[PDB]
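1. Take this sequence and fold it.
(4 chains)
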4 protein chains.
Amino acid sequence: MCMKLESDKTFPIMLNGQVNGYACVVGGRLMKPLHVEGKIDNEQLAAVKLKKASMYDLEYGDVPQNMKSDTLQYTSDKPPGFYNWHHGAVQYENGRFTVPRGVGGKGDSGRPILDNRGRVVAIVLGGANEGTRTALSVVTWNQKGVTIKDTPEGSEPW
Amino acid sequence: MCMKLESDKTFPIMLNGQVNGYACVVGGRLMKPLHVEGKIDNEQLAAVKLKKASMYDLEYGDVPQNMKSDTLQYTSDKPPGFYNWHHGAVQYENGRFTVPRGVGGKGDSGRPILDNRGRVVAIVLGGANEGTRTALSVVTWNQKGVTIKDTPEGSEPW
Amino acid sequence: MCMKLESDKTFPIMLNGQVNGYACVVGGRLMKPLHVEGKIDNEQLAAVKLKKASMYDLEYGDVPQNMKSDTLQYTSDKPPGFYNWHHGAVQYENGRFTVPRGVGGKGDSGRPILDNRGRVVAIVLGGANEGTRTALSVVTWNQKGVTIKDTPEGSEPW
Amino acid sequence: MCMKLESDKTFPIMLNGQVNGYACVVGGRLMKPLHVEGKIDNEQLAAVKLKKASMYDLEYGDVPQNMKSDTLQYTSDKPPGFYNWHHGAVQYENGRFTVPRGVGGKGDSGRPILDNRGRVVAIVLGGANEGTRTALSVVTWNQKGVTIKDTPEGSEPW
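-> Numbers count the residues shown, from 1 in each chain, chains lettered A, B, ... in the order given. Shown next is the structure:
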């Protein structure tokens, strides 16, 4: 469903032995979290220059020679309820994302959140424990279309 | 229906003798009426510092970790029609909330008013007897999402 | 008959370790033993002031607003013998109270004795010890209606 | 199996909103960890005065009346492996207590490891994920029977 579109499209961040985060291409732009250290695979886009965003906890750069294809696409249209994920289902309510407790941790701090049509609405960065379902510190796009970072209080980077 | 959803979300307040008004938790925020005195039953949120909002007759505060299973999402979208309720059914004809004649009484002045899909649109404070189908004063949200009061006539605050 | 009627009428006293006595609501007044120590349950009824009658080994006070359905009227009329009781049956032969040996004991100081019509007739505070029929030191009401203290020799209060 | 066996003996420790650890009744001793902060439940086993250890990261005391039910015999007679547990089965291969991946989180820092005959063998404190399979820092009893600590490298309390 969602994993068949995310696979071979979202690229791991190797810390020389284990994955630390994930890097994703949206709109022809490669981006990966700033707090995640390591080297991304495949030589065709591992040498891309990334510039810091600091406030968004992201580093973004343009992937070359394949911007026409292999684009996840992004959309600000976010009707609440039942968005899919590589770890199952996340729910949208009151301007905030919720995931079941327990799932999520280190190594999952860069995965995108897709739609029913393979469209990205989110790039997960961190999470905060909220008792029964944990919230997600995440960059999204508001109604106008500008990137905004939503952080629940006390959110570690998973 | 509404009783099942409001269970384990609506926490009554006792005056150390008996219940004198419920307290609601909406949007990750506890709020109780100003005129309701006494401590609340659930001791986890009985020790939270509560800020006065005496224009709206509510003490409000932030829940510690009950963001899910006490969310009880609110929306300002209130189409005219019928809404479910703790006791019976309420209606939003002509921009006001009216209950049947005999229902409603002292000690029952914190009850939320839910939607068809279980979204709180109203918080009951008091009410007045406008013949049959008595209206009731209530804290709601306008079109822009800003909290307002609706206090019709000489509504005795129970 | 006796077990159903004494339910929600005999209010246990806790010394924060265990039940150690019963406080009884009769005639529109609460009364509990002096020699029992701890905190009465039913926090509505725990907050009332109790004044001491050291002559009858009691603390008595006015009950809260629950006038109706919580009277439990007492009877000065005492036909001899065959009275029901919480732990069994008592007897009123020769103006004294006799029980089978082995009943009662520490932690059971304050349970009432009911008549055939369910009206309370006696509230025990301790007990003597005869070989077969154990005696009970008790607060009863005289044939004129004035309260009296019937205590046999060697009444262990427990 | 062990879930029913250790029930009503493994008393949880409150973080004032949830459970952050477990306490054990071993040989009349109320054993709870020191890093697990908060208030222990009940009142019979909560009002006692505990004495810190700070070398084994436990705290101990005595029960006043519960000796009839304070029945959890500790035993150092320990063949290497195949021991039950609250969650699964633990293995003592190569002189080290071992568990599969993942299981064990916050709220699970104080529960005993039982024997095949319902005897307490170990009291878990923390763990580390390294080597072939993850290992546990735990307080146990050696061959001579004196209290001993076994701790891996980088064994933070989960």
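2. List the buried residues for stretch A:69-77?
-> Neighbour counts over stretch A:69-77 (16 or more other Cβ atoms under 10 Å in any protein chain shown) mark A:71, A:72, A:74 as buried. Just so you know, the C-beta spots here come from the backbone N, C-alpha and C atoms, and that holds for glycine as well.
3. Which secondary structure element is home to residue A:45?
-> Following DSSP states H and E, one finds residue A:45 within helix A:43-46.
4. For the residue lying closest to residue A:28 once chain neighbours are set aside, give its distance to residue A:30.
-> For residue A:28, ignoring the flanking residues on the chain, the nearest one in space by Cβ to Cβ, 6 or more residues apart in numbering or on different chains is residue A:67 at 3.7 Å. Between residue A:67 and residue A:30 the distance is 10 Å, computed by Cβ to Cβ, to the nearest Å.
5. same thing with residue A:19?
-> 16 Å.
6. what about the two, which has more around it?
-> Neighbour count, other Cβ atoms under 10 Å in any protein chain shown: between residue A:19 and residue A:30, residue A:30 has more, with 20 against 17.
7. Just confirm that one is within a strand.
-> Yes - the assignment for residue A:30 is a strand, going by DSSP: H, G, I helix; E, B strand; the rest coil.
8. partners of it in the sheet?
-> Going by DSSP bridges, residue A:30 is paired in beta bridges with residue A:25, residue A:61.
9. Let me see the contact set for it.
-> Listed by Cβ atoms under 8 Å, 6 or more residues apart in numbering or on different chains, the contact partners of residue A:30 are A:23, A:24, A:45, A:48, A:50, A:60, A:61, A:62, A:63.
10. returning to that earlier point: what is the neighbour count of the residue nearest to residue A:28?
-> Residue A:67 has 13 nearby residues by other Cβ under 10 Å.
11. Now it: which helix or strand?
-> Applying DSSP H and E, one finds residue A:67 in no helix or strand.
12. ok, now how distant is it from residue D:16?
-> Counting by Cβ to Cβ, the gap from residue A:67 to residue D:16 is 53 Å.
13. can you check residue A:22 too?
-> For residue A:22 relative to residue D:16 (Cβ to Cβ), the value is 37 Å.
14. Which one's more surrounded, the two?
-> With neighbours defined as other Cβ under 10 Å, residue A:22 and residue D:16 compare such that residue A:22 has more, 23 against 12.
15. Relative to residue A:112, how far out is that one?
-> Distance from residue A:22 to residue A:112, by Cβ to Cβ: 8 Å.
16. Likewise for residue A:12?
-> Per Cβ to Cβ, residue A:12 is found 13 Å from residue A:112.
17. So between those two, which is more surrounded?
-> When neighbours are counted by other Cβ under 10 Å, residue A:12 and residue A:112 differ, and residue A:112 comes out ahead with 25 against 19.
18. and the more buried one, bridged to which residues?
-> When bridges are called by DSSP bridges, residue A:112 pairs up with residue A:123.
19. Chain D contacts on chain A?
-> Within reach of chain D by Cβ under 8 Å from any Cβ of the partner chain, chain A has these residues: A:102, A:131.
20. Can you classify the residue nearest to residue A:50 when sequence neighbours are not counted by secondary structure?
-> In this structure, residue A:50 finds its nearest non-sequential neighbour in residue A:59, 3.9 Å apart by Cβ to Cβ, 6+ apart. Recorded secondary structure, residue A:59: strand (three-state DSSP).
21. Now do the contacts for residue A:59.
-> By Cβ under 8 Å, 6+ apart, residue A:59 lies in contact with A:31, A:32, A:33, A:34, A:50, A:51, A:52, A:53.
22. Nearest to residue D:138 among those?
-> Residue D:138 has its nearest neighbour among the contacts of residue A:59 in residue A:33, at 35.5 Å by Cβ to Cβ.
23. give me the number of residues near the residue of chain A found nearest chain C?
-> As assessed by Cβ to the nearest Cβ, chain C sits closest to residue A:131 within chain A, at 28.1 Å. Using other Cβ under 10 Å, residue A:131 is surrounded by 16 other residues.
24. would you say it is within a helix?
-> No - under the criterion used here (three-state DSSP), residue A:131 is coil, not part of a helix.
25. Looks like it contacts residue B:63 (just checking).
-> No - Residue A:131 is beyond contact range of residue B:63, at 9.4 Å (criterion: Cβ atoms under 8 Å).
26. ok, back up a step: which of the contacts of residue A:30 are buried, as a PyMOL select command?
-> Of those, the buried ones go into a single PyMOL selection, burial set by 16+ other Cβ under 10 Å:
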select buried, chain A and resi 23+24+45+50+60+63
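27. With distance to residue D:99 as extra columns, can I get the contacts of residue A:30 in JSON lines?
-> Shown next, in JSON lines, are the contacts of residue A:30 (distance: Cβ to Cβ, whole Å):
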{"residue": "A:23", "distance to residue D:99": "33"}
{"residue": "A:24", "distance to residue D:99": "34"}
{"residue": "A:45", "distance to residue D:99": "40"}
{"residue": "A:48", "distance to residue D:99": "42"}
{"residue": "A:50", "distance to residue D:99": "39"}
{"residue": "A:60", "distance to residue D:99": "41"}
{"residue": "A:61", "distance to residue D:99": "42"}
{"residue": "A:62", "distance to residue D:99": "46"}
{"residue": "A:63", "distance to residue D:99": "42"}
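28. from the contacts of residue A:30, which is closest to residue A:147?
-> residue A:60 (9.6 Å).
29. Now do the same contact list for the closest one.
-> Applying Cβ under 8 Å, 6+ apart, we find residue A:60 in contact with A:29, A:30, A:31, A:50, A:51, A:53.
30. and of those residues, the nearest to chain D?
-> Once Cβ to the nearest Cβ is applied, the member of the contacts of residue A:60 that ends up nearest chain D is residue A:31, at 29.3 Å.
31. Apart from its neighbours in sequence, what residue is nearest that closest one?
-> Per Cβ to Cβ, 6+ apart, closest to residue A:31 is residue A:60, 4.2 Å.
32. how near is the one you found to residue C:74?
-> Separation of residue A:60 from residue C:74 (Cβ to Cβ): 85 Å.
33. residues touching residue A:102, list them.
-> Residue A:102 makes contacts with residue D:105, as judged by Cβ under 8 Å, 6+ apart.
34. and the closest residue to residue A:27 other than its chain neighbours, what are its phi and psi?
-> Nearest non-adjacent residue to residue A:27, counting by Cβ to Cβ, 6+ apart: residue A:74, 5.7 Å away. Dihedral angles of residue A:74 (phi, psi; degrees, to the nearest 10) stand at phi -130, psi 150.
35. Residue A:74 and residue A:147: what is the separation?
-> From residue A:74 to residue A:147 the distance is 9 Å (Cβ to Cβ).
36. can you check residue A:140 too?
-> Using Cβ to Cβ, residue A:140 is found at 7 Å from residue A:147.
37. Of those two, which one has the most company?
-> residue A:140 (20 against 15).
38. so the more buried one sits in a strand?
-> Yes - with three-state DSSP as the criterion, residue A:140 is located in a strand.
39. Quick one: residues contacting it.
-> Taking Cβ under 8 Å, 6+ apart, we find residue A:140 in contact with A:78, A:121, A:122, A:147, A:148, A:149, A:150.
40. now the residues you listed as CSV including distance to residue C:100 and secondary structure?
-> Output for those, formatted as CSV (distance: Cβ to Cβ, whole Å; DSSP: H, G, I helix; E, B strand; the rest coil):
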residue, distance to residue C:100, secondary structure
A:78, 76, coil
A:121, 77, coil
A:122, 75, strand
A:147, 83, strand
A:148, 79, strand
A:149, 77, strand
A:150, 73, strand
